[PDB]
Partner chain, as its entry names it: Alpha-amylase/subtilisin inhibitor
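Listed next as structure tokens is one chain, alone, in the form deposited without its partner chain.
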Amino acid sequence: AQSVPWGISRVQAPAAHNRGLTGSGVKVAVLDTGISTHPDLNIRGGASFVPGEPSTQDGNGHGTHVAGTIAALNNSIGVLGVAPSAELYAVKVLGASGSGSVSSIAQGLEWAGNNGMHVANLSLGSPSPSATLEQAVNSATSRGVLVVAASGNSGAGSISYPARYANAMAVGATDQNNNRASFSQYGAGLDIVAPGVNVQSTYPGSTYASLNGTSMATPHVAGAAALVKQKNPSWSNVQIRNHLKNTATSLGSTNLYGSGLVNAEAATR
């Protein structure tokens, strides 16, 4: 029995799936704590940039969780991703403890840019800016990667790095009411929002678990981008990012919500 988590249908991925759009041929890199082998996931490759954890398997559960929001397989078990046919690559830039260095994160993006990744998912952040990080962001961007990052969970009216950088697509979190979740950082650089409360997904030990955060919202956007990329194979990172924003559902102030809630139905139209 397969269930469709609420944010998947909130963003209207099924509407897109019903038109032949599943993210097929789109390469998506998850820069996180790894992705564990799971019966509802198809991991195509990856690398680890965490000294001391040479494997890409997830010792934390955070990346496995994020990954399933993007691409949990559409079959008869578990859950369902926004882009269930996306090619998923596990890029480990965060250790088991759930933290990493800017160095490891910048190496992951470098890797993404060098390996022709179309979308990079960075459900991570820091309140502090990093010149290293920023350059990596910009580099992956000129290599044609769309970088999608979490705004953070401090609840403050200013967003984290790298989401704050012009070249990153900053994602905030909404609740089932289509209100901004209290922890969701907002303000300048915020581009769009997505479901980030009680998000059910894939978890290590072949199970499913629900989490809260902008980390959970980000992957709905990364997925949404793969759907559009499949529909418009000639579009660049910028064209996708703008189409997403242009087709989002307004939810109120752009200070709080940026463009509004991502809408994969409106976007693959």
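For the two forms, the rigid core is made up of the largest set of C-alpha atoms that agree within 1.5 Å on superposition. Numbering follows the first chain given and starts at 1.
Quiz item: Out of 125-133 and 73-81, which shows the greater rigid core-aligned C-alpha deviation in 5 other deposited structures of this protein?
Solution: Higher root mean square deviation of C-alphas in 5 other deposited structures of this protein is shown by 125-133.
Practice problem: On mean C-alpha B-factor from the PDB entry, just flag whether 206-214 or 46-54 is the higher one. | Solution: Mean B over CA atoms: larger for 46-54.
Practice problem: Give the stretch, out of 104-112 and 125-133, with the larger mean C-alpha temperature factor in the deposited entry. | Solution: Per the deposited B-factors, the answer is 125-133.
Self-check item: Most elevated Cα B-factor in the entry, residues 153, 75, 179, 141
Solution: Most elevated C-alpha B-factor of the set, per the entry: 153.
Exercise. Would you mind checking which of 33, 36, 69, 242 has the top Cα temperature factor in the PDB entry?
Key: Checking the PDB record, the top C-alpha B-factor among 33, 36, 69, 242 is at 242.
Quiz item: Among the chain's modelled residues, which third holds the C-alpha B-factor of residue 254?
Solution: Highest third.
Quiz item: If you rank every modelled residue in this chain by C-alpha B factor, which third holds residue 27: lowest, middle or highest?
Solution: Middle third - that is where residue 27 ends up once the chain's C-alpha B-factors are sorted.
Quiz item: Relative to the other modelled residues in the chain, which third contains the C-alpha temperature factor of residue 64: lowest, middle or highest?
Solution: Lowest third, going by the recorded CA B-factors of the chain.
Exercise. Comparing against every modelled residue in the chain, figure out the third that the C-alpha B-factor of residue 158 lands in (lowest, middle or highest).
Key: Highest third of the chain for residue 158's C-alpha B-factor.
Quiz item: According to the PDB entry, is the CA B factor of residue 232 in the bottom, middle or top third of its chain, that is, lowest, middle or highest?
Solution: Ranked within chain, residue 232 CA B lands in the highest tercile.
Same protein, other form: the form solved in complex with its partner chain, not shown, and the subject of what follows.
Exercise. Let me know the one among 107, 101, 85, 139 whose heavy atoms come within 4.5 Å of its partner chain in the deposited complex, would you?
Key: Contact residue from the list: 101.
Self-check item: The unique member of 128, 182, 177, 76 whose heavy atoms fall within 4.5 Å of its partner chain in the deposited complex
Solution: It is 128 that has a heavy atom within 4.5 Å of the partner.
Quiz item: Counting only non-hydrogen atoms and a 4.5 angstroms cut-off, does residue 154 reach its partner chain in the deposited complex?
Solution: Contact check for residue 154: yes, within 4.5 Å of its partner chain in the deposited complex.
Quiz prompt | Contact label in the deposited complex: residue 198 to its partner chain, heavy atom within 4.5 Å | solution = It does not: once its partner chain is placed as it appears in the deposited complex, residue 198 has no heavy atom within 4.5 Å of it.
Quiz item: Counting only non-hydrogen atoms and a 4.5 angstroms cut-off, does residue 94 reach its partner chain in the deposited complex?
Solution: Residue 94: contacts its partner chain in the deposited complex.
Exercise. Examine residue 215 and determine whether its closest non-hydrogen atom to its partner chain in the deposited complex is within 4.5 angstroms.
Key: Contact check for residue 215: yes, within 4.5 Å of its partner chain in the deposited complex.
Quiz item: So which stretch, 112-120, 76-84, 157-165, 186-194, is the one near its partner chain in the deposited complex (non-hydrogen atoms, 4.5 Å)?
Solution: Going through the listed ranges, the match is 157-165.
Quiz item: Would 33, 62 and 124 all count as contacting its partner chain in the deposited complex, using a 4.5 Å heavy atom cut-off?
Solution: Yes, each of 33, 62 and 124 comes within 4.5 Å of its partner chain in the deposited complex.
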